[PDB]
Ligand SMILES: CCCCCCCCCCCCCCCC(=O)O
Ligand SMILES: CCCCCCCCCCCCCCCC(=O)O
């Protein structure tokens, strides 16, 4: 027989194995597919890299401490510099893709904590100064994760993001973030969390540099705790796999 | 699929859930039902309160210590002052009911101990002075549990119960108490114990104040133990549900 | 080309409607469209979860 | 879907009506509902009382 | 506690006693501060009357 | 809104036995609560929400 | 019509409808007859007021502005944008993308201004409202040629009768109106950030066709939107915080909710 | 159509239609042809004006109130309650429970106030009426944001044409509107006693959208109810006494009826 905890995911030349996992969350009930002819707009023929772009890319790890507000990642920007996915999105004008996000955190039976993993579509964030809009270096940090704050960010004459956590940067209530596709990592039960988000947008394709379709938020609703003698360094790893990625409008390399 | 450890019991507006339990013990093979016409004696029409009387009543908790001889409860008296079950048994002359007893004790994987749970029908108890019979305040304590002793009770000119434990108050060998419907709570395996006792008696109905049909005995054959650093307060909870309770002979309120 | 439909009445009569303009953007609001499907949000998992079954087995 | 009914005329002609709104709470009042049943109040007894009979026998 | 993530936590520890209370609030899904800001509460405020059963899941 | 004629009731939680832990483990834990509605839930009389407000037109 | 409760009885089984696992991101579909005994109830309630068309199809004031029959402010202009009024903005932002027709209604009302001019005997005032799509010429003054409306839609209204009202179709170069946009206008990832990037809706102008009187008069125009034939996607959480500007999602951090006295208190 | 008299003749029998017993709480169903000789009459009279729908479906003024275009009283508020006017209240209280739709009609009329301001030349006045269901925000001032009516029903009316009129459905959390309530709000049997306990109907506000003139103007609004599709249960006796307040059934003891001179006098 088989169990519901064990689950393997194969994509490209990458295989992810887990022995203690909750059920997979598939978007809004939709599985990522390709753009059809009765829904296309651009007339030329697109290129599908398939195995070279639809595989598991692992990012840097972050440390879960006893006082961590949380982290977020702008999904399209995060992989803009990894393998042939970044190159194809750098040489083309329009792109289209869904995602498979796997978040992993392992600890013992004597550790406790709870992390919320949510894929937020069109997470437009606010600035600490009501006068202006935040910088691109503040909003999206590639090759790294962006950290929330526990206290409100001060105002003034800058372009900082309002990274207060209980407001989620979006100026909402954080406990309602369970309206979007989500999954909880409970250290006494869960081990990892999988989310299979399809392409959400209001146009059939989009430029992948000046627009971020979704965002991965990881927040520890219940803090991490343990007793003296157990491991103190607990990391969190994120692996993203593009799905059904296609590109249209070949041009010179660059983003200007 | 499902497991044998998990089990839910619904009665009235009460639901009991358990995730680590042994098989349910059903009396002497009999499920509690109602009195039939070919077996009745009282001519008038009885009243069946159903949901108002057949539900789970929880009693006070007792603490399991490293030197606890054991506890007992006279089942009919224990609930004589709870909800509408007590009121119906206070305004009527004859009554008839079976029971569903759930005993709960939870501890960790680093605790040890073993408790015997036995529903003893007609547990007539003896007095410490051979000359007289024990008091009603000594035998039945409502709204509380009655404790056994580790040493024999002294004699004299009183009306105390012989609460020595290895004699079970009934002047027998305690290890033979497994002739009655019973269940063991082993801290390394069990979590709770369910017993579904039917109506046992030699008459079709009985007055519920001057006669106690059954008695719940909880004895820790193997003592409780742990190592310094773990929880030291370990309680034991008892929940009793009347089943197929009927009443006959409406009169003025009182018990004289 | 009149359209006869049913009125919103209590539980436990019809009305008539005609379109006067050739732009469909001028018609009345679509008030009676009582169709709901909460399955996209309440239960978006890959594997079916029977209610009376251990979620983790 | 016009409804043709009879007018209130003397003793010893029809009218037409159309419903324009989809809420039944907008229709005209129900003027012609001449149904009476005084038996709930005038004679509410358990046993029938024949008129030409001694009420107490 | 409303200005942190501690508002969402219900603390439960080992107690040297039994039968004490953990929490309590009234069944007012749109008026009480416990419920007026949740998705259910937010949607309820735009209306005057409500009806039906409620689910409370505890993790 | 708050109305005595339509009072709802009270929701409480109590300790049944105790939280029991071994050595080298935390005796303080947390619970979390989630609220939702069942299939029979319904709402009526659309009105304005008393939460949002403004002093002048935004720009 | 809402579901009807099924009557149940007492159970003693290994089924566990109450016990679940919320880490799977799945809402438990438990009915009350799973944790207690119930009776059969025939439910007749309808979910006919929770529909998005019923929730959103109501007229709302999104703006109002003033102009005069003399002096400096002789006409009024307003780049069309609903994010100035809090109520309709907060209703729409429940979803990420919407798609609807529009029903416009205008409430134009005049007032006589204080002054020392005598022998005032006013004639009826007529107003003109003109819509300029993005790209067309603009009325630099009040008596300019642009008011000829050869192609631009416009409405002439004489004070004293039914308010003017028109129907606008779903005008968007995309497949849906985006309530939120997480990106910039330029490929250089700098410049305008947010939904102001997709706000290319045109401009509305208003004036008096005649002056009416020899004394001063100020006319205020109130604009009312009413979505029709609504479609919506991807529901979001409600705002909670108070709005600050019309072009961005900026806010001031606010507490999750309002407080009470203890975790056991049954009072606000 | 009323019953038709049957012609009878002379009788000599042991039947006793006249003799009855009124202690049984039963009304005698005796026709005139039981105590005398009659002729056959073909009756054609109809009971078409005694129907509850015909007896109750007529518009009645239930309240009127004033507001001004300047000064302190700039808007008007009124918790909806029909028990302020005596006529409709006494008609409804014939029954214990009723259930009807409503037809609202508003008669708004302005008057110029005495003052010493000169050069007054008024523009047409527009009025707004707004309904707030119990729970929503209230207009603390005249130019507050609540008047945007994003969800709240409201009516804009320009002076000079047909009076505004709307239809309201049976709004009640119960199965019928209770004209009388014998009980309290609290389970402690203290607090509010009587029908004020079930009066959770909302509030109606009214204002001028524009000021119109430079001189003072007072506008009065009169509200008219008209029940439709009426159902009624458990008829009660008529009030007899004079009403005192709108929230309770308090009265001053009054004689059974008016008097005459003797038990044999045929004059009032
Ligand atoms: C004579 C006056 C004609 C007026 C024509 C107005 C046409 C433009 C309508 C603008 C609608 C804007 C809808 C925005 C929706 C959204 O993005 O949330
Ligand atoms: C724009 C104005 C809309 C006005 C809407 C008014 C809705 C409320 C109507 C109240 C009806 C009260 C009936 C009371 C009947 C009774 O108890 O006797």
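In this analysis, Cβ positions are derived from the backbone assuming ideal geometry, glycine residues included, and neighbour counts consider all displayed protein chains. Every number in this text was worked out from the coordinates using simple rules, so none of it is lab data.
This ranking places F:1, D:9, G:27 by how few other beta-carbon atoms lie within 10 Å of each, fewest first, which gives D:9, F:1, G:27.
FRET efficiency for residue D:48 and residue H:138, Cβ-Cβ distance as r, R0 = 56 Å, nearest 0.05? Don't jump to the answer; show the numbers that get you there.
Working: r = 60 Å, r/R0 = 1.07.
For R0 = 56 Å, the calculated efficiency reads 0.40.
In this label model, residue A:232 and residue B:188 are separated by 3.6 nm, measuring between points 7 Å along each Cα→Cβ vector. As a length-normalised measure over Cα pairs under 8 Å and 6 or more apart, the relative contact order of the stretch H:47-140 settles at 16 percent.
Sort G:132, A:214, D:4 so the one with the fewest other Cβ atoms within 10 Å of its own Cβ comes first.
Numbers: G:132 19, A:214 26, D:4 8.
Ascending Cβ contact count within 10 Å gives the list D:4, G:132, A:214.
Ranking request for peptides A:35-45, G:253-263: highest mean number of other beta-carbon atoms within 10 Å first, then the rest in descending order.
Working: A:35-45: 9.0, G:253-263: 15.0.
Highest-to-lowest ranking by the protection proxy: G:253-263, A:35-45.
Between copies, residue G:44 shows label-point distances of 4.2 nm, shortest first, with the point placed 7 angstrom from Cα along Cα to C-beta. Chain B residue nearest the rotation axis toward A, with distance: B:1, 5 (Cβ to axis, whole Å).
Counts of other chain beta carbons within 10 angstrom of each beta carbon in peptide A:216-227 average 3. Across chain B, C-alpha contacts under 8 Å between residues 6 or more apart give a mean separation that, scaled by the residue count, equals a relative contact order of 39 percent.
Taking the mean number of other Cβ atoms within 10 Å as a proxy for protection, how do you rank B:182-190, H:241-249, H:73-81 from highest to lowest? Mind dumping the intermediate values first?
Details: B:182-190: 17.6, H:241-249: 13.3, H:73-81: 15.7.
Final packing ranking: B:182-190, H:73-81, H:241-249.
Entry note, the protein assembly as shown: the mean residue ellipticity at 222 nm calculated from DSSP H runs of n ≥ 4, each adding -39500 (n - 2.57), is -1000 deg cm²/dmol after division by the residues and rounding to the nearest 500. In plain terms, the chain from residue G:124 to residue G:209 could stretch by 29.5 nm, reckoned as 0.36 nm per residue minus the Cα-Cα distance. Given contacts defined as C-alpha pairs under 8 Å and at least six residues apart, what's the relative contact order of chain H, whole-number percent? This gives 30 percent for chain H.
Answer rounded, prolate or oblate for chain G, using the Cα gyration tensor with square roots of eigenvalues a ≥ b ≥ c: rounded when a/c is under 1.5, else prolate when a/b is larger than b/c, else oblate.
Numbers: a/c = 2.56, a/b = 2.18, b/c = 1.17.
Prolate shape, in that a/c is at least 1.5 and a/b is the bigger ratio.
Take residue B:186, push a point 7 Å out from Cα through the beta-carbon direction, and compare it with the same point in every other copy: 2.8 nm, smallest first.
Look at B:244, B:227, B:105 and count the other Cβ atoms within 10 Å of each Cβ; fewest to most, that gives B:227, B:244, B:105. Remark: the Cα gyration tensor places the protein assembly as shown in the oblate category, a/c being 1.5 or greater and a/b not exceeding b/c.
Averaged over its residues, how many other protein chain Cβ atoms are within 10 Å of peptide A:119-128's Cβ atoms? Present the calculation step by step, with values, prior to reporting the outcome.
On the way: counts 0, 5, 7, 11, 4, 12, 6, 9, 6, 3.
Mean shielding count: 6.
Peptide G:173-184 is shielded by partner chain Cβ atoms: per residue, an average of 6 of them sit within 10 Å of its Cβ. The label-point distance for residue G:45 and residue H:11, in a model that sets each label 7 Å from Cα toward Cβ, rounds to 5.9 nm.
With a simple spin-label model that places each label point 7 Å from the Cα along the Cα-to-Cβ direction, the separation between residue G:172 and residue A:65 comes to 4.3 nm. Take residue B:175, push a point 7 Å out from Cα through the beta-carbon direction, and compare it with the same point in every other copy: 5.7 nm, smallest first.
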